[PDB]
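Protein chains in written order, with PDB author numbering: chain A, 1 to 264; chain A', 1 to 264. A prime marks a further copy of an entry chain.
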């Protein structure tokens with residue numbers, strides 16, 4: 001999509017040479033923000049095919065507060081294998097923090113429910129936040145949250161949301177992230193009888209890996225097709241009762257996919 | 001300044017009517033981002049006089065990990081009286097979280113030192129973050145952090161920083177916030193032998209109180225004067241050894257100040 005391709009280009013033009021923890025070089029910029037009107041359609045990148053299946057199962061997994069890849073495996077979803085240990089444990093990552101942020105006094109806050117209450121009983125609140133950045137359990141995590149902070153906003157029956165991605169692989173991870181959170185916005189709005197507003201994406205260290213240049217130029221040459229339409233076949237009793245089948249993407253006609261290898 | 005006045009205007013033009021917890025109406029927009037090249041000068045609003053004194057003492061106070069207003073009082077700084085209790089306690093706010101984020105296992109993480117180590121020993125890290133958003137101690141706080149998440153970034157000997165302000169009073173609080181964090185960038189860079197890069201400001205619910213319209217239009221009519229220059233008279237042995245006198249703003253010739261009343 002336009003906003004996306006615009007970023008991709010910007011990174012090429014303005015990105016400074018920076019290396020990552022693996023030794024692979026990246027082109028990076030710091031601080032960027034793009035908006036996506038959700039009424040204009042589901043922000044699923046078209047200039048390259050994306051498989052929403054993994055996306056959906058991962059989101060549902062998070063909402064379950066599960067941090068073991070078992071569920072993912074039952075559905076043959078392996079995007080988390082790379083990090084899980086022999087038992088399939090990733091540590092207190094996303095899911096754990098969202099649904100059971102542990103306090104120093106023995107409690108476990110359910111940030112998702114907390115957020116739902118607010119959207120329903122105090123929509124003008126300015127602190128409708130979900131944070132995965134738990135300083136206390138960083139070490140125990142398989143890896144630090146790429147996207148670790150998001151805020152919800154209500155105005156005119158429209159529910160918006162801003163995500164802050166402190167670190168971002170523009171080519172491989174960004175497309176996935178945008179769709180994932182966009183889907184979360186819809187689920188939230190559905191349970192709150194609210195219309196979807198804007199999904200605002202903000203990033204810190206936004207980069208492209210040096211060995212992704214050709215794929216970038218190749219995609220950067222395709223023309224964005226119209227955005228598809230996300231439809232929810234039903235209205236679960238809660239934000240925790242959605243099932244894979246409830247979602248159906250409609251009108252998605254992407255260009256072919258583009259493989260993006262990684263060094264190890 | 002330009003970026004600032006541009007926001008002020010945008011809020012007037014595009015802001016939607018929203019009410020706050022006190023009942024006072026605000027004009028608000030969601031999601032905004034402005035950049036400030038720190039080499040161009042210290043971002044201290046000129047179209048209206050700002051007293052940096054309070055700013056500095058508050059920053060130093062934070063770095064001390066102190067959450068009692070006593071220190072502020074010794075210097076006759078009352079910006080926190082409104083919230084402090086009879087003992088002058090504000091709860092586990094900013095200072096406490098920055099210097100002693102409490103873990104569930106009895107520890108207290110020093111996010112400021114943590115961050116300093118990283119900038120000195122692993123500058124390419126993408127997780128150089130400081131968070132005041134401790135879900136565990138929200139209730140015990142005098143009020144929730146307006147600005148609760150910031151990231152540091154290094155590239156070409158230039159240290160940048162992005163702050164995310166989930167809630168923002170454009171007229172009263174924003175100017176104060178920008179200068180405060182800009183000063184922190186400089187202190188950081190000084191202790192890391194790095195040059196200052198960009199201070200990137202991102203906001204969630206960015207608003208103007210309905211009863212600040214005249215002041216807004218009045219300021220919105222002034223022309224930005226050149227930015228002053230921030231100078232540090234010395235190099236303390238650590239980020240915790242700065243004293244009020246070490247800072248000197250130079251070339252600051254602002255327009256007159258503008259009072260901004262608040263309802264209660």
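Beta carbons: idealized from backbone N, C-alpha and C, even for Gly.
Look at residue i and residue j and say whether their C-beta atoms are less than 8 angstroms apart.
i: residue 111(A); j: residue 130(A); result: yes
i: residue 60(A'); j: residue 242(A'); result: yes
i: residue 159(A'); j: residue 152(A'); result: yes
i: residue 248(A); j: residue 233(A); result: yes
i: residue 39(A'); j: residue 201(A'); result: no
i: residue 176(A); j: residue 215(A); result: no
i: residue 193(A'); j: residue 18(A); result: no
i: residue 101(A); j: residue 90(A); result: no
i: residue 31(A); j: residue 126(A'); result: no
i: residue 11(A'); j: residue 174(A'); result: no
i: residue 227(A); j: residue 1(A); result: yes
On a Cα-Cα basis, can you pick out the residue from the options that is closest to residue i?
i: residue 37(A'); options: 243(A'), 237(A'), 229(A'); result: 229(A')
i: residue 128(A'); options: 154(A'), 245(A'), 197(A'); result: 154(A')
i: residue 259(A); options: 49(A), 239(A), 8(A), 162(A); result: 49(A)
i: residue 92(A'); options: 148(A'), 218(A'), 250(A'), 120(A'); result: 148(A')
i: residue 238(A'); options: 253(A'), 132(A'), 116(A'), 121(A'); result: 116(A')
i: residue 286(A'); options: 145(A'), 253(A'), 245(A'); result: Nothing about residue 286(A') can be read from this structure; chain A' reaches only from 1 to 264.
i: residue 156(A'); options: 166(A'), 137(A'), 195(A'), 139(A'); result: 195(A')
i: residue 87(A); options: 97(A), 113(A), 142(A), 257(A); result: 142(A)
i: residue 218(A); options: 188(A), 255(A), 173(A); result: 255(A)
i: residue 15(A); options: 227(A), 187(A), 169(A), 226(A); result: 169(A)
For residue i, count neighbouring Cβ atoms within 10 angstroms of its own Cβ and tell me buried if that reaches 16, exposed if not.
i: residue 64(A'); result: exposed
i: residue 179(A'); result: buried
i: residue 198(A'); result: buried
i: residue 212(A); result: buried
i: residue 223(A); result: exposed
i: residue 263(A); result: exposed
i: residue 28(A); result: buried
i: residue 46(A'); result: buried
i: residue 137(A'); result: buried
i: residue 205(A); result: buried
i: residue 244(A); result: exposed
Name the DSSP bridge partner or partners of residue i?
i: residue 35(A'); result: 200(A')
i: residue 162(A); result: 151(A), 200(A)
i: residue 101(A'); result: 109(A')
i: residue 229(A); result: 250(A)
i: residue 7(A); result: The partner list for residue 7(A) (beta bridge, DSSP) is empty, contrary to what the question assumes.
i: residue 122(A); result: None; residue 122(A) has no bridge partner.
i: residue 215(A'); result: For residue 215(A'), which the question treats as bridged, DSSP gives no partner whatsoever.
i: residue 89(A); result: 68(A)
Does residue i come within less than 8 angstroms of chain A when only Cβ atoms are used?
i: residue 49(A'); result: no
i: residue 164(A'); result: yes
i: residue 16(A'); result: yes
i: residue 210(A'); result: no
i: residue 30(A'); result: yes
i: residue 19(A'); result: yes
i: residue 176(A'); result: no
i: residue 169(A'); result: no
Taking only beta-carbon positions, decide if residue i is within less than 8 angstroms of chain A'.
i: residue 55(A); result: no
i: residue 127(A); result: yes
i: residue 101(A); result: yes
i: residue 221(A); result: no
i: residue 232(A); result: no
i: residue 252(A); result: no
i: residue 124(A); result: yes
i: residue 204(A); result: yes
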